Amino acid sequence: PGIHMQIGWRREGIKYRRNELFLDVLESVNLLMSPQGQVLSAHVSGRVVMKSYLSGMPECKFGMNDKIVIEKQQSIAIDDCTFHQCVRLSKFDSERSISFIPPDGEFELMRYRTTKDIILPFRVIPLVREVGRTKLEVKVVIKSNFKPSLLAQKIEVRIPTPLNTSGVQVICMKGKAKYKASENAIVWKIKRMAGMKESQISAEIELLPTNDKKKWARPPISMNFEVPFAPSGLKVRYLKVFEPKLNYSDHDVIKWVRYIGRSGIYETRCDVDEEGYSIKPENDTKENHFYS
């Protein structure tokens, strides 16, 4: 008369020398924008990734800024949500609670979709004034829209060029830029850029008009960037833990949180053991922490 629960995704007797967990919030923000700035199309697809280095059978509870925020007065509006099997869905439907017993090591806790209240990290404003059939004048400004303390990185703006181009001279003060004729685009790279900033690029584009009477469609300005926050607005409120056999809780745990927002289609038009103890697995930016 005693039933033995056996979780298919977590063995028993897991031991870590130090109880700790990792949370990676990985979002791709996509956009189609008009030259004037009208949002024609936008969505974020995100996923919370978790690396559990916890001992025993910990009973966790993931807390974010959902529509429980609407009860206590920034948030994330989740259109669609899919969970790992470990997540009790019963509780999520009754109380919006993401409770679970995590697998050992890395697992994807949830993926999601978002279309409203997206923090669009960048706006591109393009001008193209034709000045004769000889020349084209191109002015492209990029506005960063996030906290000034924060830095976007690995930025690349691909401004398309028309096929009938004999050559182009370009100038920018921030970053570096090359006209890659093979590509049919001037490619503009900036290493870092803080929030609430401007930056301009000007390109005098000389034309060779052989064809006449036909102006064909051209690709839009596409941007790549990496941003240290969730463009959906996702903020991790807590990761509560309770393991009643070993009597330890989140107060006895180190939680490591990271946000990696990355551009998607952002377009604008013109474990092992040893002695019982499990071992953490291991190209990434190095930071000296006391407990690392």
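All residue numbers are counted from 1 along the displayed sequence.
Going from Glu282 to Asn283, you skip over 1 to 3 residues of the deposited sequence that the entry leaves unmodelled. A chain break between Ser94 and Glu95 is not present, all residues of the deposited sequence in that interval being modelled. In this crystal structure, the stretch out of 122-130 and 151-159 whose C-alpha atoms carry the higher mean B factor is 122-130.
Per-stretch averaging of Cα B factors for 60-68 and 22-30 places 60-68 on top. Of all the options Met193, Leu109, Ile101, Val168, the entry's greatest CA B-factor is assigned to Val168. Taking the deposited Cα B-factors for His84, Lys214, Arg113, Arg88, the highest one is held by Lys214. The PDB entry assigns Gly175 a C-alpha temperature factor belonging to the middle third of its chain's modelled residues. The PDB entry assigns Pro220 a C-alpha temperature factor belonging to the middle third of its chain's modelled residues.
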